[PDB]
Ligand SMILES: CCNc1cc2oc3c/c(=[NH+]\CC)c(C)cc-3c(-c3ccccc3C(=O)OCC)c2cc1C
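This document starts with one chain, in the form deposited without the ligand, laid out as structure tokens.
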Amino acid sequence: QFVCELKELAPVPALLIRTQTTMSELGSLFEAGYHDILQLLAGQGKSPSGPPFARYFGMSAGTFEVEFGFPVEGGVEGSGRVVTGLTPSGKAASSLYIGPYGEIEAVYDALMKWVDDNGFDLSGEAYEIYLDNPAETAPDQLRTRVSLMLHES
């Protein structure tokens, strides 16, 4: 029920916040951080050049790495907690998930199955691209591009 593909991601400029967090703080972290990035861009008379995303690394049960932000045209400067960087690069198993974010584990299970069957090894990092904003999109139509980063051995 999920179409999974091997994709070679090309990196582009991004404004990001790279930190470590726990599940209970994640919501507030994203709320304040994405706003930070947006206001920083606005202050410079600019805007994002792509949809927001987040990279996850570690166990959700403890403190895990989370790096998130927006792709940008570049030439923009970071400030405070916001830094300049790149969107992910390299190989990944990717699928487009549609529906409420809470039920996303379904696509992850499909992706992991795909990875095993295609002779790839997981890097451990997950990359999600939030194409639609849950504030103005009905659950059934909410798109999230999910990608599990891959190793090469």
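Just count from 1 along the sequence shown to find any residue number.
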Q.
Tell me which stretch has the larger mean Cα B-factor in this entry, 115 to 123 or 46 to 54.
A. 115 to 123
Q) Higher mean Cα B-factor in the deposited model: 55 to 63 or 34 to 42? A) 55 to 63
Q: Quick one: classify residue 76 as lowest, middle or highest third of the chain based on its Cα B-factor.
A: highest
Q.
Going by the CA temperature factor in the PDB record, which third of the chain does residue 13 belong to: lowest, middle or highest?
A. lowest
Q: Give the position of residue 144 by CA B-factor within its chain, expressed as the lowest, middle or highest third.
A: lowest
(Q) For the chain shown, is the CA B-factor of residue 19 in the lowest, middle or highest third of its modelled residues? (A) lowest
Q.
Looking at the temperature factor on the CA atom of residue 131, which third of the chain's modelled residues does it land in?
A. middle
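The next section is about a form of this same protein that is not shown, the form deposited with the ligand bound.
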Q) Does the ligand come within 4.5 Å of a heavy atom in each of 31, 34 and 101 in the deposited complex? A) yes
Q. Since the chain is shown here on its own, which stretch among 107 to 115, 39 to 47, 89 to 97, 123 to 131 would lie within 4.5 Å of the ligand in the deposited complex, judged by heavy atoms?
A. 123 to 131
Q) So in the deposited complex, does residue 52 come within 4.5 Å of the ligand, heavy atom to heavy atom? A) yes
Q) Using heavy atoms and a 4.5 Å limit, would one call residue 58 a contact residue for the ligand in the deposited complex? A) no
